[PDB]
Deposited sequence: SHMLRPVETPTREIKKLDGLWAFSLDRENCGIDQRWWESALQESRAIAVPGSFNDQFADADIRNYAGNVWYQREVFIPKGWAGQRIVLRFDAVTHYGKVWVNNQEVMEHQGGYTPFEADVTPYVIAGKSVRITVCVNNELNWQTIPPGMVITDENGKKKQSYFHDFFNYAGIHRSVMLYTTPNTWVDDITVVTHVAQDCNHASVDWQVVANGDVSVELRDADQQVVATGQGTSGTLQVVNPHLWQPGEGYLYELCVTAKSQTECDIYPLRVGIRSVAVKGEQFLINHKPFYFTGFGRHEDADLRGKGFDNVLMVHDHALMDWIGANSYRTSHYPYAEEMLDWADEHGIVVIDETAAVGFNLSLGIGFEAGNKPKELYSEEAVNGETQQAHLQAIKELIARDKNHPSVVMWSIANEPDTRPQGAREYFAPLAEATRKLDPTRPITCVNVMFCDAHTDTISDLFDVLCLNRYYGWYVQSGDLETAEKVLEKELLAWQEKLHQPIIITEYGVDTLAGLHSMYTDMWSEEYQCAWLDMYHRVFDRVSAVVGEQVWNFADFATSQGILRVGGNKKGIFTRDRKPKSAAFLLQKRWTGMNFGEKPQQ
């Protein structure tokens, strides 16, 4: 389904619906029955949008709730939008949302992390107030991405189980907006940027969907039109192009114009002229080997759960720049698109990942066979392929995105894993031939055990030697780590990114014994992993788990959450922060370090 990022243009207006909404639980599950969307939510309180609903109220009972919740506000449609295509859009509703404009149901979506939107024109009058009601469901089952099991106790009270290591935050996490186009409008663009080997010339393929004649012009940073073309498709030539390079991010603008006899639409699409290719064991960007540094992240912070926030984005990017990070992965769900707009503009390299985590009952009563009709089945695979389609639909034109991760840490031991994953790998490549693909690999599915990694282009490993196994023993951990990395190099001859390596670290726990949970062990352990990486030629990246401490469901393994942060959840540095800064700022930009 076509999904361009709304942008204000001579032909296009946006009105944000972010702010205080009315909010109500639905403990009874009668809000659909009683059509709660007809009148004011009856027992309601104020809530911030965007935000997770769970932590806004300092209330355990709302935090831990499973079921439906209701959001509602009134909004004036701009007078002067009369005779315009009016769209209502939600950047994200976690995990499921149904929307009513007054009494007309207009939208339904499953998938907590990518946008959905409807033509609401026939259900609103320009200059009049409208009521927008949302039913938001946070329940996971074997056909949701990610999967889960609702457990219903003898009293019929629901309790979400899930297999991923981060809290099941829900609500309207990202901006809600009414926006306009002319009734003739550009509905979809696809740009591919080819780059010659000598880097001295580049072609830009375009493809456009719009109910009118299409023209495009390519403008550089100085606004100088550098190329033009006509019709739904073609190829712009660019001599001596300003390449989009990691650390710089030079953007052109592709102005696409949809022109009927009466009216016209204008969409500016930012373009980074760059190519991305695996070549043996090297990850090439503009024909030059790249070395990833930086983090697995999460969309997580105090009070707002996974809600988008501009101060948080500005602050975290200052921290990643300070520390010398050149890259990250959207672990483990599509991130707010303003993150990909920031990366495009600042030349930050991103591994874009789906919400497909938790396909693994072995990370600790769960179904006996992971790949079966009672768990991951043909429906689950369909839901997964849909998850992949929406992510690529959103993110295909972000030059910051260099690789698709279609899943995180699935159990690949069973016969079934390869039957499930092979067609998803093939479909992903069809949806976007321009980027390499990966499936992030769990520690127990080692080089000798794993049955799917040959189907993907880049080997993305999550390794905790010296933490979950060889606990506290850097000596034995180093031998085991180096042995396995070389066994993967021999097995597949792919580029290897260590997408996770980290240890829980209590900020302020200090030890002369350099033992587990201390700041000092975090430092020694990352240091050991770095020496190993620098001795294996197939290793082309290191992404520390995690940028910051983050919330998980409660358990004996999590001291108030996951403490593998380099920074605390309030973004204060642990000692290891200064260790990463030395290594990452001390290396040459984008180049594998040396002994």
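Gap without C-alpha coordinates occurs only at 365-370, with positions taken along the deposited sequence from 1.
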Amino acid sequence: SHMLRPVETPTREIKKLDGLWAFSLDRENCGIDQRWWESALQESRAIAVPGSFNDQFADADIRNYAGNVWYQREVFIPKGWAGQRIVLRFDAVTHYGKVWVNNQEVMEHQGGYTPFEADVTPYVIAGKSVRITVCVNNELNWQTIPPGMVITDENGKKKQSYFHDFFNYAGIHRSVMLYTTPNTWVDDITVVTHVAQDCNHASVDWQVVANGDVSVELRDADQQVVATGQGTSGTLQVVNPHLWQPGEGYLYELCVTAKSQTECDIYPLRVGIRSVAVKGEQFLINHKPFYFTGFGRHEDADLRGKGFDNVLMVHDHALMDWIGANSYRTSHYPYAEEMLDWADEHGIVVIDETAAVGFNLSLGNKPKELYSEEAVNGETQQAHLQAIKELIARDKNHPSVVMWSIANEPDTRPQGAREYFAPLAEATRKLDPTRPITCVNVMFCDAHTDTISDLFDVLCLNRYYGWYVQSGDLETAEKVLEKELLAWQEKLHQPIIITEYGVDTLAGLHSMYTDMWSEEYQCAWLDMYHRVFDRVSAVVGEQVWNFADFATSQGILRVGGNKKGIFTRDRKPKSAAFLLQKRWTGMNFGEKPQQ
From here on, numbers count along this sequence of modelled residues.
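Just going by the entry, 256-264 versus 494-502 on mean CA temperature factor gives the higher value to 256-264. Of the two segments, 2-10 and 584-592, the one listed with the higher mean B-factor is 2-10 (C-alpha atoms only). Ranking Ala336, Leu459, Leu140, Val130 by Cα temperature factor from the entry places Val130 first.
Residue set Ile351, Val225, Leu474, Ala343: peak C-alpha B-factor at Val225 (per PDB entry). Remark: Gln543 belongs to the lowest third of its chain, ranked by C-alpha B-factor as recorded. Ranked by C-alpha B-factor against the other modelled residues of its chain, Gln34 falls in the highest third. Annotation for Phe76: C-alpha temperature factor in the highest third relative to the rest of the modelled chain, per the entry. Per the deposited record, the Cα B-factor of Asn68 falls in the highest third when ranked against the other modelled residues of its chain. In the deposited entry, the Cα temperature factor of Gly378 sits in the middle third of values across the chain's modelled residues.
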